[PDB]
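The structure tokens that follow cover one protein chain in two forms, given apart as structure 1 and structure 2.
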Structure 1
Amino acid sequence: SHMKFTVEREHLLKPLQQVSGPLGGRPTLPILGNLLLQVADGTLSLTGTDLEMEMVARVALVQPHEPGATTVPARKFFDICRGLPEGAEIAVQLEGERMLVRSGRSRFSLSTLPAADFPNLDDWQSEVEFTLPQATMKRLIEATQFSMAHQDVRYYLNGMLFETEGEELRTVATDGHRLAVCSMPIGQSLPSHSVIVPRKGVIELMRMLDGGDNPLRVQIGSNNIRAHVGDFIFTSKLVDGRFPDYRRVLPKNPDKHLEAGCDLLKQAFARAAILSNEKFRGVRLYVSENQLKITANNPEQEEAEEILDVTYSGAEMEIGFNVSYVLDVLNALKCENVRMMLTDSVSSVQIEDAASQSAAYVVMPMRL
């Protein structure tokens, strides 16, 4: 190969950072630490992969260039380009098994691995397609991602449900103790479809959405998902499993409704958490006419107690929660007031913005 290109540092830095996204997780196969570089039809393509997902960036080439392909260590190449001064011109050329980088009086010779060895995802067909604002996709992911399981044996929970229904796009995430669900209108009629995006890909897609107005084109296949925004393309294999129905966890007929200031609740739970058991993180909620009492105890017999003025008219009840799950929800709700819908001490609780029904959170209580 005789791949050759010359590009401005400023046009290369964001693409490098973006395609280096799937390179987390310390992969064993050495080429997985490399980026695939391809020159063809006046375009430089950069690809980063982890075998499950691919991140692609396209850079227009206006300066003399020669077609070809190679793979280069991602971290070293990024650090070199990042380390060069603002407005630097980066001249790249291949010499046998080495990639030469020239800028000003700086020269770098990098070891390569053949482009022919770079893993790629199998070709697939899109079956569902739609366009939506970047901010809408980001909101759907940010509102629910903290509720995804991390390394659960129920592999289908280590990710996020993306469901199309009517004119809405819905995201669902659960770890079996708590659930998050967000729905947004996308002003387009859609077929009923649901897919599971792996957690690693969900995170990388969310980090890819940084621009404003700019539309996101989504293509969903039987085993893959693709999202394109500007010069960036995110592709991932889907999790091949059946996701639980979120409707099963929603309180059937909640008879108890609590309303309180979001920040006031958040700060009271955060202080009470200090004296909660380090392992179980249990807090006790005492709900009575217009008052909430939060208590936390630990094995050292230390105790925290917080009393808040809230809006509540119902029967008095005591309920236990893992304070971290409650704090995660309150931190996700960027609002003034919070609503809590309860039934009894052993049943699920729904937490929402008192003013909006777009995102619902369900936390299962603890006996303690």
Structure 2
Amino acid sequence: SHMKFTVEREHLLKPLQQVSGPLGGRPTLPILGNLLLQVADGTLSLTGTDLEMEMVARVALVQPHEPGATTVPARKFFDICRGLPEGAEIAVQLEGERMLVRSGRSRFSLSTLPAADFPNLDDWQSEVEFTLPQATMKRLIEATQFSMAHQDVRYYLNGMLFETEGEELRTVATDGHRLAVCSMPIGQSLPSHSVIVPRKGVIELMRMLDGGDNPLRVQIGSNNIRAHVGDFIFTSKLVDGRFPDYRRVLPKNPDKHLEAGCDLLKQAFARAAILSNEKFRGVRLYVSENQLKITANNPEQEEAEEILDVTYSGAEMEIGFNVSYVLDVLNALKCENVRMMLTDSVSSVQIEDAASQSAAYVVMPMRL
């Protein structure tokens, strides 16, 4: 009840922003809208949770301090510190059930809830551990995030598969119509392990990465995943389910390969999409010798047609696709040329960067 600390604003701002950002989603449970503050030894720990995931930040206390703990409204405390001027010294002390914040001639009195009432952390043990650059995790998530299901009745699809095996880390996401897979080497021999990170967890893991030189350290348990970057520790529950065996649906023997410029292909699909059915978004692809024709029609009987020069020397074919699924892939590919691998008009197509096998995308066609 006698916690005291003084911290410079810029050493407190990012911790508060990171731990407080995800909070406020459980309005019937007031204490989950608060941050747990703990002063012990020379460290201030800041914890916020929604019971599904948790964010912890450590702040070094260089100025005199006194041990203690409390909980305070997260966003208000963040807004106060961010509203103070650059360079401000933020003196905090507990006085009964009020937390007092002083800086210059700005004084604030916040309401508290006892630290003893804060949900005590999930106790779990790590089963797999590895380190990798932040940029590599950045790439793995961006390459597949868009293919995750949104509010699918199949809860096990509303997340991202994280797969470790040998020297490879792999992410997979699918909604049953389209699939994205991305693999990166990490340089450690790892045991074979597959876990599903919930959608919200993926986003939060995404947003704590600053690309900087700090490495990322991942610990995977049986029911939780943890990411440690610098002075931040993020923990999330795993989705307790089984991801589909995606290897079975990867096109087995695509004998027809098409290559085209990524941008020209994307700008052509994007124009044709304008006159596609606004709900079903169907477009038609006609592939012939070194030529791709894209058409679109809508209930108003309006029509678009695009003809592109491509590299294709296979059987003539027609195949329908949801143009949004196609455009999402081309937007996710940040490359010069793309390769499309086809089988027939009723089978999926595999799309990739022509110059890299790192990421692959499988899109199921439409019956147009």
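Rigid core (definition): largest C-alpha set, two forms, superposition within 1.5 Å. Just so we're on the same page, residue numbers count up from 1 along structure 1's sequence.
Asker: By the 2 angstroms cut-off, has the C-alpha of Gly42 moved between structure 1 and structure 2 once the rigid core is superposed?
Answerer: No.
Asker: Could you tell me how many Å the Cα atom of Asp175 shifts between structure 1 and structure 2 when the rigid core is held superposed?
Answerer: For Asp175, the alpha-carbon shift amounts to 1.0 Å.
Asker: Keeping the rigid core fixed, what distance in angstrom separates the two C-alpha positions of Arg226 between structure 1 and structure 2?
Answerer: Residue shift at the C-alpha: 0.9 Å.
Asker: Rigid-core fit: what Cα movement does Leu121 have between structure 1 and structure 2, in Å to one decimal?
Answerer: A shift of 3.4 Å at the C-alpha.
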